[PDB]
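1. An experimental structure, sequence included, is below.
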Amino acid sequence: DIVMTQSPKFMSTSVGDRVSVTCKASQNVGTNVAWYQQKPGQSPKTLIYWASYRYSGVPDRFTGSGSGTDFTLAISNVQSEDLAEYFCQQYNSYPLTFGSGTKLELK
Amino acid sequence: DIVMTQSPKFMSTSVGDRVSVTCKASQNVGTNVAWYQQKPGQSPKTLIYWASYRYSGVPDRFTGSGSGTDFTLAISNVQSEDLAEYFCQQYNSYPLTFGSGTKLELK
Amino acid sequence: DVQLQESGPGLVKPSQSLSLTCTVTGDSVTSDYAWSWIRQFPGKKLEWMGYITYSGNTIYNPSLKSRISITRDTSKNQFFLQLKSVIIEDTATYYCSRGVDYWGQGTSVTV
Amino acid sequence: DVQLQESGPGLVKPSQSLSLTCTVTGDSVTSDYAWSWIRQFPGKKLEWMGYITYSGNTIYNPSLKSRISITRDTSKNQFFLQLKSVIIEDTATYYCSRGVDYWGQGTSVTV
Amino acid sequence: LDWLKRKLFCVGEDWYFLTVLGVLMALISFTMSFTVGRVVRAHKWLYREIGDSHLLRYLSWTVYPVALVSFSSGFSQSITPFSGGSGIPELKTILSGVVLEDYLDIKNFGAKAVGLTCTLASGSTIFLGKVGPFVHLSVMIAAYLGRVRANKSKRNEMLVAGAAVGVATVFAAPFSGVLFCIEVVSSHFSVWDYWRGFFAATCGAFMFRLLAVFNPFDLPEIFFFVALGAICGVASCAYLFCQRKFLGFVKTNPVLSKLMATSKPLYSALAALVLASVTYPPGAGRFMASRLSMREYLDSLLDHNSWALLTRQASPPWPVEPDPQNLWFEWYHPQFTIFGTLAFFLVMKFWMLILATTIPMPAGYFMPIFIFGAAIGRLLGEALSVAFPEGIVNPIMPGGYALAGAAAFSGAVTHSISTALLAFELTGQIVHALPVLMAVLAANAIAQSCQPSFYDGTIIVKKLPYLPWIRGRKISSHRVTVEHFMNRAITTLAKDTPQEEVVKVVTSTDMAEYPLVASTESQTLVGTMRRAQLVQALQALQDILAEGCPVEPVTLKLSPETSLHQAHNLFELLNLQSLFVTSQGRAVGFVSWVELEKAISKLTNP
Amino acid sequence: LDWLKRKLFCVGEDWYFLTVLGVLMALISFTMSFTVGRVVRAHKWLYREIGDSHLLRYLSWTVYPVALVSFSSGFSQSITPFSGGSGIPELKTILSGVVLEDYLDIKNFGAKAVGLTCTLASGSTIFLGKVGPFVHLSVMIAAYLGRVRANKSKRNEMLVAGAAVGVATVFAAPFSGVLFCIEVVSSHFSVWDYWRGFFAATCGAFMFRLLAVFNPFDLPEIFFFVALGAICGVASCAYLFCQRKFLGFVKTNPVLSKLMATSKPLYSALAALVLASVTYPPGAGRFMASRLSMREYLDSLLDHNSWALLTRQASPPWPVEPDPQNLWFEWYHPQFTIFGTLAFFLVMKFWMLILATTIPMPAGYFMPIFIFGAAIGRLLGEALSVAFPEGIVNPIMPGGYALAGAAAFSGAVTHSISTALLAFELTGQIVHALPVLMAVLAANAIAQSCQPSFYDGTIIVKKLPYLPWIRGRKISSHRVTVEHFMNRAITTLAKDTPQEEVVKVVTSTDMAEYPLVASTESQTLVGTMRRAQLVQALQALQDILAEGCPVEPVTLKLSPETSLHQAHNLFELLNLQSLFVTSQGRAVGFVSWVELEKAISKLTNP
């Protein structure tokens, strides 16, 4: 299975600051990487289906990027409603793998 | 300049245990990497001139290894006299670069 | 607005085959998509189970080929698992999804 | 048993050219080796200066080409620096070495 | 010193000119590309910007290419009939032996390059490559160089080298391009020609580099590849047939011919217009993946990702402008699955491609074919993936399949398995080495047994003076003996004849090589005489012989009953300029190249 | 169905046999390699282990190779004179036209392969490659296949293909190997032969893969490369000269000849012994970098690190056994600088290499030459590095230089710039594309203007029946006309002659093709007749003609005064089997291949 190693594991910022979650794949994935948001209790709602293409009904501040083996989810102007886990999933290869997940607290 | 990034920066072990200091180069170096020992105050005495070839007058427990872009200094059966900094130097390319250096305390 | 809803038994006895019914509303099962199953452990790590095609050809995770078996009923638009040889390590919150786009609300399986 | 011994002034005034004499015993300067200079900062980070060949052709670090100038006297078997435009950042412990094999004891330069 | 210099000169000189030519070619390719690119960008911008209103958008889409096409046509038309729309076939003909001086003239250069550029700019609507024209240009340049420097063989070699260089430059691909050229253009090639070509290519590459500052396969896999190749060959045969017939129809059908006569540019423009509407992105191009550059399409085809699976996973979004990282999104539609889209493209390009080829302008017809092949390959790959989602007991990468298809189909079209090599070079990887090659071979087998090459077909349509055998071309090549085309006029300087008579003869004809005869009655050859020497002797015929005029004997003698074809072959291979004919020993006549050429022409055109 | 099957058969059959051959070759290469490798390992172990005492060590070093050499010799000697020590040249000769049936016989196979293996095992002391023998083997296999299947041309093509495959297998290198083979062996080659060869190579590669489970350049840089190439060419010329003369001396000098006659194996053994002492690691090999395998040396030469600088930085240690990661440590010494060592190697290999080549056994002589070239290149690179330690305004990597040298020198030796291509393939990188090629070209220029090829030289020494022109080989090729070697015996079936006489003639000679004459007195040709047909007619000569026996006219007629060379060329190119001669129209005689062959033999050996 192609491993999706991501970082940083934990983050703690204020309201307004920028956050950047980085994912890395062992093999080449291309741009076939999707990002999720999971608030504790609820199902993980997708944010960005292909690296740098946002889903319908999502804010513009969730800016994804990358290709090949490295990818980045960048979030600017963080709100109190964005206390959640963020996963990256690949879907180039079978089986479909995921990242471990980045929990995000705020001050 | 070809950067020699090494890890881990700090180490703390007991008498008898194994330690492994890892060096990584940005470009390909080959096996043209030398290891040093610097005790605080004294000049840095070389240990292993080419990756996996020990210098004359050095103990056998200082076992070096690696080629290409990654290298390892492995030390087994650590003594109280081995409280020192350990650098790796490359000498394939000009200019000659060095690692930052690993300080080593003991319990 | 495609919507997926899971249903099944929560508490299960180990070494007894479990099955989860995932119902669909807003979209037909016969459409060409990846009708997939995924599960999340208590430690919050996602693992992909597998999926069925529009025709019926099933694809699974190589690590869980022996135990997993996934089927569908085209009349009711549903997905059925038949996960056998259940172990305490398998205890997880399950998730039935349409590939990557939409996800079900999920159910907490306990062994 | 090749042995190298540095000598020179420790305390120096900035923007005044410094020079360090490295004497050799046990080996001739005219042998085909890399008679090199290296320096270590107070923060314990090593930087390579440059070296002279057996003939006399000098090679330097690209970052310090303008200021550095290194020479030798074959009669006495010594190495002479003429490091110009001295800055407080240049404050370091210097080290005259035969490439990688043998190193000098070194001197603490202060600005 | 002097001796050394002399030694350096000939070989060195030869090398140097070639190098220069290569450099020039490289420069042309770079500059031409630049010219194209900016224009394309501008067009794109216009498309983006002009507005949301439909009519305006349509106009933007449709007018610009049309105008370009017209421009291309106009320049071509003014100079000569054989200028525009002709490259490889002409070159081949030349190589075979018959020379068309119109082809190698440099007055033609400036009008053709511009046309080519225009065509390139017009781009993926018109759907044409640059190869043949480029090759022609290269050949012309080579010829010019030769002239400047100033034997036939040497000239031919030079031309070949030039062609090879041209081929390389278009591909930006030294190693295989030359080989491909050799395969297609010539026969009876030497290794040194090839070497020269390679050198030229290398030089071009170097030039390009300099100018950069400005700017593990399984066993069923093989079977699958073979199948793909076979399919391509099948398709390619059909394509070839279409090409052969459509062109003929155009030539024939009276109204069309009349129209062409009136205004070729008009015809071309009309064709462009027809193409453009069909292409038009929101109406029908959403299905055909229209909104893409020429290279872009290729990139999309040979993409590493497997499309069907991706689609299944997630519905891709249609962007405002085609994504540089994700070209393949253009091929998707919700109502029409990617497969469907591919099929549509295949159907429509074929329909259009022939038409495009037909229109009179400087244009190349290889790249489009290659693209088509790749598309087909990709479809097959996709199908395979669908069949085996897990894969074969590593997953099926359809990019490879696409590549194979491209290699195979083009080869089939072109009767040249250098295509595979070219494809490999383009890829940068030699891991797909065997299977692709095998596929290509298969394609060739099926195509070369049924149909002639694209180029061959074109030649046939033209009725150009090319002697060798071609499939599906009914002609009397074996029937015509030397008796029918030989020169009956001779200047028999027999031993027995008097001196005054000889003098008179000399005064009259002044031929390069006079035949020496035994006696006037028998007319039997006993060697040959040169004219200047004879004149000298006179100034100073049994008597003449006695005095000591050199009798160079006839090395080889043709019969009147020997076939034309054989004679031609002989001429080609031994590098001869003239040859006498004997019937029962008698000097019946004299075969030159000119006569042969005439014969060939006659054969072509009754 | 049946039709389809038939269609599949010929072409498919042809392909299949070739594929099989390729596979076989691959198998041979793998198995042979395995055989070599274990033996080598064992030898190494013995060397390590036998002890510290000197005598024993010496014996270990010296005896094992000697014995192997002897073994190789013995097998070679027993069968035939032209079996052992001959491959490429023989093949070339065959291609040219003259057939030596001894060469293609399969009884020879088992004795030669073993010898080759032995030679390989003996390794870097004896210092010999495997190519030529391998090629020969391949050719033999091809011939066998052809026989099994059972025209000349087709056979020749098959042979060529086989040779190409063999070349590929030794190199483990499909793309260029075939090309190289084509360059060296043949002339008047076709693209389809090349394609076939490529296919074979691919097949071999595939087989190898299957069997794996068992087991940015600057402007002065170019100038430097050119210089290197020139140097190589110079050196190569000298080497060639040495090869030419030494062999001649061996052939000549009476005592040596006598010794050879007595026991070739003894001679070989003696040579091996001589080599071995010189090699011996602690005495002199410490300077020559002796303690290394054949590939190991190559690896060391083409190493990415720059040695001189490294040495300056740090004195390298001499290990107990040669380090797999750091092969180049073997080249260093404290008293003799790396440069010095290299120089020594160059001096000594040259001295030895010729001797090695001389010794009668199945052995290849390309790899050693390549290695030598590489060494020279490396030296140059080192020098450059020393000159410019910083480098040119990226540092000088001497590996590249070494590679270039290898490419260049070998090409010079071999008169083939495919060498460069081969080198590139070996490397795996096409970044050194131009400069290396240029260097190679330069080398060729200097070598091919002064000397003949290694192979050519060998052929000359042999005095084998190869007609074409070679530099530094004085011979009367232009003088001998058809008059001297033509068959005067003819069977003139003139119209006028009676029927009984004709019958008698038929009974007597039964030739394949009888000439048809006009009348008995004049002896003038009016075409040809076949024998079987004539017989049939008789069962059922003006009268005969009237009755209706087909007069196939003479297509082409030679004169008696035409040169042999030209005739030979004609025969080669038009693929003819026989041809009549006319003097003033009269049927003087009849040229076949046999006569030509005889003539060639005569020319070779007075």
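-> Yep, that arrived. Residues are numbered from 1 along each chain as shown, chains lettered A, B, ... in the order given.
2. now the strands for the chain?
-> Picking chain A for this. Ranges of strands within chain A are A:4-7, A:10-13, A:19-25, A:33-37, A:45-50, A:53-54, A:62-67, A:70-75, A:88-90, A:103-106, based on DSSP state E.
3. sorry, should have said chain E
-> Along chain E, counting by DSSP E, strands occupy E:493-494, E:513-517, E:525-530, E:556-558, E:578-583, E:586-592.
4. Phi and psi next, for the residue in the stretch 101-250 of chain E positioned nearest to chain C.
-> Closest contact between the stretch 101-250 of chain E and chain C, by Cβ to the nearest Cβ, is at residue E:218 (17.1 Å). No exception for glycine: its C-beta is placed from N, CA and C like everyone else's. The phi and psi values for residue E:218, taken as degrees, to the nearest 10, are phi -80, psi -180.
5. Spit out the contact partners of it.
-> E:392, E:393, E:394 (Cβ atoms under 8 Å, 6 or more residues apart in numbering or on different chains).
6. between the residues you listed, which has the most around it?
-> With neighbours taken as other Cβ atoms under 10 Å in any protein chain shown, the top of these is residue E:392, carrying 15 neighbours.
7. Do I have it right that it meets residue E:222?
-> No - Residue E:392 lies out of contact with residue E:222 (Cβ atoms under 8 Å); the separation is 10.9 Å.
8. and the residue of the stretch 401-550 of chain E found nearest chain A, how many neighbours?
-> Closest residue of the stretch 401-550 of chain E to chain A, Cβ to the nearest Cβ: residue E:429 (13.4 Å). Using other Cβ under 10 Å, residue E:429 has 11 neighbouring residues.
9. cool, the one 3 residues further on as well?
-> Each residue near residue E:432 was counted by other Cβ under 10 Å, and the total is 23.
10. Might one say that it is in contact with residue E:404?
-> Yes - look at residue E:432 against residue E:404 with Cβ under 8 Å: they come within range, at 6.9 Å.
11. end-to-end on stretch C:12-20?
-> One end of stretch C:12-20 to the other measures 12 Å (Cα to Cα, to the nearest Å).
12. just how off-centre is that stretch within its chain?
-> Taking Cα atoms, centre = their mean, to the nearest Å, one finds the center of stretch C:12-20 at 14 Å from the center of the full chain.
13. do stretch E:580-589 as well
-> That offset, for stretch E:580-589, works out to 40 Å (Cα atoms, centre = their mean).
14. Now do that stretch: everything it contacts.
-> So stretch E:580-589 is contacted by E:482, E:486-490, E:492, E:515, E:517, E:522-525, E:528, E:554, E:557-560, E:590-591, F:518, F:524-526, F:557, F:582, F:584-586 (Cβ under 8 Å, 6+ apart).
15. residues in contact with residue E:244?
-> Residue E:244 touches E:451, E:452, E:457, E:460, E:461, E:472, counting by Cβ under 8 Å, 6+ apart.
16. and if we set it to 7 Å?
-> Applying Cβ atoms under 7 Å, 6 or more residues apart in numbering or on different chains, we find residue E:244 in contact with E:457, E:460, E:461.
17. from memory the last one sits against residue E:249, does it?
-> Read that as residue E:461. No - at 10.1 Å, residue E:461 and residue E:249 do not qualify as touching, with contact defined as Cβ atoms under 7 Å.
18. Need the overlap of contacts for the two.
-> Counting by Cβ under 7 Å, 6+ apart, nothing touches both residue E:461 and residue E:249.
19. between those two, who's got more neighbours?
-> In this view residue E:461 and residue E:249 are compared by other Cβ under 10 Å, and residue E:461 has more residues nearby, 18 against 11.
20. Quickly check: stretch E:331-347 near chain A or not.
-> No - Stretch E:331-347 is not in contact with chain A by Cβ under 7 Å from any Cβ of the partner chain; minimum separation 11.8 Å.
21. contacting residues around that stretch?
-> Under the criterion Cβ under 7 Å, 6+ apart, residues C:32, E:286-289, E:300, E:307-308, E:311, E:315-316, E:375-376, E:378-379, E:382 lie in contact with stretch E:331-347.
22. okay, how far is it across that stretch, tip to tip?
-> 15 Å.
23. in what helix or strand does the spatially most central residue of chain C lie?
-> By Cα atoms, centre = their mean, the mean C-alpha position of chain C lies nearest to residue C:37, the distance being 3.7 Å. According to DSSP states H and E, residue C:37 maps onto strand C:35-40.
24. That strand pairs with which strands, and in what direction?
-> strand C:46-52 (antiparallel), strand C:92-98 (antiparallel) (DSSP bridges).
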